[PDB]
There are 6 protein chains.
Amino acid sequence: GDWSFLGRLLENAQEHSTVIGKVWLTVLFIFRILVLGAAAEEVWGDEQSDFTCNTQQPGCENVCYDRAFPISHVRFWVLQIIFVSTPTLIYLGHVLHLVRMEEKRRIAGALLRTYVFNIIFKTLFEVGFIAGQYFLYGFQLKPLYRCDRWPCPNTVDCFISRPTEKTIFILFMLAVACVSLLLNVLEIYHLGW
Amino acid sequence: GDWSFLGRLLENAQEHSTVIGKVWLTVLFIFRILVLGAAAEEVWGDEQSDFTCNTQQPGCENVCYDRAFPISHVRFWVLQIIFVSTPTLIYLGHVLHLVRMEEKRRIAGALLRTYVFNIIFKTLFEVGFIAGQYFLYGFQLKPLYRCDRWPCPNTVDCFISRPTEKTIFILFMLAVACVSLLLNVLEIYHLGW
Amino acid sequence: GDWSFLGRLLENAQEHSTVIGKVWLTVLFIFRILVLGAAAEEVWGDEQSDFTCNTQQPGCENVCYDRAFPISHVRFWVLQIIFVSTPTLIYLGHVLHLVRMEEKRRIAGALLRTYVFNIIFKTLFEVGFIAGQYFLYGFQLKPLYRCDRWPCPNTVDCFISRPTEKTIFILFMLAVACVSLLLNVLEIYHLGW
Amino acid sequence: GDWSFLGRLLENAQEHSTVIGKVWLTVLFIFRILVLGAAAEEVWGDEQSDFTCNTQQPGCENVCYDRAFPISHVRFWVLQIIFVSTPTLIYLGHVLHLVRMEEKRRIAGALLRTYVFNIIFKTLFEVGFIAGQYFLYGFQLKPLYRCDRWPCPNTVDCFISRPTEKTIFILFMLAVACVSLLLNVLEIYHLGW
Amino acid sequence: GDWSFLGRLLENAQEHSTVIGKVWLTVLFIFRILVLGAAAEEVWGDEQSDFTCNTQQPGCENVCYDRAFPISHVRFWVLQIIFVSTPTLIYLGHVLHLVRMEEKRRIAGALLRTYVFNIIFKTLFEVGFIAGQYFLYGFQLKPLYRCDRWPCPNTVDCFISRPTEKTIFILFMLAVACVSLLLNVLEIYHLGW
Amino acid sequence: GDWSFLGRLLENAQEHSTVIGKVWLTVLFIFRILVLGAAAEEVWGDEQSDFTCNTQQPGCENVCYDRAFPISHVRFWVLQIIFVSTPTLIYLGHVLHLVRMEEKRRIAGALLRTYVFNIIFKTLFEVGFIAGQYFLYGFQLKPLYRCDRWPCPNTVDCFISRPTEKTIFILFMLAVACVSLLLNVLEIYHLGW
């Protein structure tokens, strides 16, 4: 996808942010957005095309792929990026609003509360997506999925495309997410002390 | 698609708009346009390719897919974006026209009536697309579609691609649309008081 | 496709044009070019791939698709955009030529005749494409096409991809075209009075 | 394809050219490059994929498609664009060279001979591609191609994809090419008188 | 993929780097990123599509492709690029931080230790990816892969797409990687003496 | 592929180069890069997809395509472009280095030796790729390839996609390469005298 606009806004955000925040935005751009576009989207491109079920039943592969993958991992990661970035956009907008207010007439007062809330929201959204992915997929895609959804007769064996590569990238993104959490914790403590 | 031109115009619009309007345009860019390009368009890419009907009848899958999905959701969302953005373009053009008039020789007088009408039109178009989608698709795509359109013999069972992911994104976009409504209401009240 | 160059030229044209002309160019960019790229091109992407004929005859689907759709609607719309935009380019070039002439040494004299001719040509090309599409396709694509072109034996039944969505967009573009006509009429009268 | 670089150079060329030359470059950009990218490339995309021959012989469709279309029309048009544009690049380079010479220390002297040669070369390359296409394809693609190339047994019937649309665009490009010839003739005469 | 953002950051890095470092970044951009986008991604595009196993067993090709290629080479190279570039980003950020510090109030002191650590990390990540690829794939892809992973019955013969071209590019990238190592060694020694 | 970065560097190179060198870079951009992107990449897109072998043997088409085309022509041309451009990058970097040296404190002295070496390297790499392609493919792709590589039983007949178009472009690129050689020879002599 085209992340250009979000890029513009977040680049603006870098200036009005802590050094650790600039590190966080670098991580977001490089290890999350760029990995997803350059590497992961191609991994998941044949997810349903090369999903195969051992059966002659029409409609079984469709319902089985749908039950195994209610949302694709890459779409989940898109949404995670958007939601962890939204607080930064809120804070940046409040900052620009105060600048416009000054013109009509760095981090302190209302902006400090807003920045702390921004880090907080980023952390909660962060953790939330991590836990949701754990409960939806664990952290390993196995090659076999056994499916008993109508119209499949009895239980059918279905086979995943590229499960090991997908597992590698699942874990890569989990690690990047954990690094982001650590960075946000560092921001909180660094402001505190 | 390439939303660059609309982006230029709407970016211009941000300056000559209320803070809540800038929030609204941020939502439009991020949670509607970017989600559609980065996430949803891939979800709906195999909508007819992986639509399967249990029959040997030539032409049954075509007519059944057409009856189940007279317009694709993603195309509906494109049109919604365009029509909710058009009023903002009208107001921005009127503003630029007044600026040119001044050169030949912020929100008050004629521009205030135009801005209120802009919010109104945005709200009516907003609600209209919501209700139309409800009446066309509800808010859940089921995996089975039963089709009795000629040439299909008797009633045939047809199966949808990715119904659960599509439902997730249908609801995501409904929520984003409702948030937009709330923002427009806030604009009206904020101008009133 | 990449409409960037035409965009540059037409953007230049906006400055040296009436307010109604700027509205017309906004309509062209948004409701014609952007709709075609973002929405319609995907609708028509599987036009021959998912065109199906009930027969075992080799070559029947090819000749039948060709007879049903001698030109694709989207290609027709491309050509319409180009030809309705060419007069504006002519006028803009004449304007720039007069500017260069001044440097060597707004709408009046020769430029006024050229601007009226520009509106006229735009209107005639407009109407011409509308009428031609009426006579080639009407304004509704039906799901069944009956084809008797060699080598098809006797008359064969062939089935269209996405006829209802295509009809929706056919009518959308017809409406946009009619709105353009109205705008050009307004330009003529507004200059007259 | 990405014509950006050629675009930059030719845009430079516009300034150092006659008004008719600026018209010619507008035609090149709009009615040749943009049509090819936006419209024609999609028409010819399925040229071999949907080329069908009535036979069971392995390799017959490949050799028959190759004999019917030794070069694709769209590739021919690419090459035509490049070769008709090269003289303009030569002249522009000579102009820039004279400018650099002046700095070290409009159309007259050596530049006039170079400009006339540029128009001449453009005209000869123009006519040459026209005539070559006539002798290779005529100006109408018929739906049936009869092929007797080994390994096809005896003569086989093969069927073209989208012959009528292809014919429409063949003739469109022929007309654009003829218009270019007329413009070059006008340049020659306009300089003469 | 779109490497634009990483490009911006690394371009910034060039200024605040040694001549050998500018050579290294030129190599990264040209012989690694550009080769991957322009050449290698097309080579590996049909890696699973044209992976063929001699069997009638459903699911055997999927599990066999997955066992032969747990990660694709091109994805490995993406990750290598990112990780060898991250140290340069760290150093550049520290440099910009010192510049901001100066404003609030070339290579020496803390920046020298950071630059040496940057070269070190680049070298260790470099070597690590080389060795890992050796242990995962060696440096030659053979055309035959023999697979005994469930559900494949007994041992099945599977056949690789484009093994010789893939081997050529594997070795090309190994050579480019070794050249990068040499450049980093030269940086270390050049700073030392 | 995206040649933007190489384009930036080479554009820089134009300024610090001879007139014949600017011609050479124009040829590189237009007749090599642009032809490859706009025309040739589409010609070679179906090279394995539409490669057909007369056999029932699993794996025979894969090994036969691999033996006939160990590297694709278009990938060869990519690599040729990169390697003939690298010397120009070296010289440009040395030039920029001398400029930075001057700031700390056109073609003559060390730069003259470097420029001559640049032309030399360009010429040797040029000739080398030409000769290698001759020895790998000759200069004509025939439609029939006879393949006896295991697992193909005895000798099988395989058929090439688009051999005549491919031959046309092979010869086009050979001619462009020879023109480049001539230009480099002219540079050497022009500096000599």
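For chain B, we keep the numbers from Swiss-Prot: what you see runs 2-106, 137-224, in order.
Structure method, as recorded: electron microscopy, 2.5 Å.
In case you wondered, yes, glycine gets a Cβ from its N, Cα and C as well.
For B:2-15, the entry in Swiss-Prot reads intramembrane segment, with the evidence type experimental evidence. Residues or ranges marked as topological domain 'Cytoplasmic' in Swiss-Prot: B:16-19. The annotation transmembrane segment is assigned in Swiss-Prot to B:20-40, B:72-92, B:150-170, B:199-219. Among the features that Swiss-Prot reports, topological domain 'Extracellular' is placed at B:41-71, B:171-198, with the record citing experimental evidence. Per Swiss-Prot, disulfide bond is recorded for B:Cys54-B:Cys189, B:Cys61-B:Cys183, B:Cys65-B:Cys178.
With a 10 A radius on its CB, B:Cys65 (disulfide bond) counts 24 other CB atoms from all the protein chains. For the topological domain 'Extracellular' (B:41-71), the number of residues in each DSSP class (helix H, G, I; strand E, B; coil) is 13 helix, 2 strand, 16 coil. For the pair B:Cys65 (disulfide bond) and B:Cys189 (disulfide bond), the C-alpha distance works out to 8 angstrom. Applying an 8 A CB threshold to same-chain residues 6+ apart, the list for B:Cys183 (disulfide bond) reads B:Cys54, B:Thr56, B:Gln58, B:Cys61, B:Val64, B:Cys65. The distance from the Cα of B:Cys189 (disulfide bond) to the Cα of B:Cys178 (disulfide bond) comes to 7 Å. Across the topological domain 'Extracellular' (B:171-198), DSSP classifies residues as 5 helix, 8 strand, 15 coil. For the topological domain 'Extracellular' (B:171-198), same-chain residues at least 6 beyond its ends with a Cβ under 8 Å from one of its own Cβ atoms are 44-45, 47-48, 50-56, 58-62, 64-69, 74. Neighbour counts of Cβ atoms within 10 Å were compared across the disulfide-bonded residues B:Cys178, B:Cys189; the minimum falls on B:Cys178. DSSP assignment over the topological domain 'Cytoplasmic' (B:16-19) gives 1 helix, 0 strand, 3 coil. Here the intramembrane segment (B:2-15) has long-range neighbours at 22-23, 26, 29-30, 34, 38, 79, 83, 86, 89-90, 92-93, meaning same-chain residues at least 6 beyond its ends whose C-beta is under 8 angstroms from one of its own. For the topological domain 'Extracellular' (B:41-71), the residues of the chain that approach it from at least six positions outside its boundaries are 78, 167, 176, 178, 180-184, 187-193, 196-197, 200, 204, judged by C-beta separation under 8 angstroms. Long-range Cβ contacts of the topological domain 'Cytoplasmic' (B:16-19) within its own chain (Cβ-Cβ under 8 Å, at least 6 residues beyond either end) map to 26, 89, 92-93, 96, 137-138, 218, 221-222.
When Cβ atoms from all protein chains are considered, those within 10 Å of B:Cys54 (disulfide bond) total 21, not counting its own.
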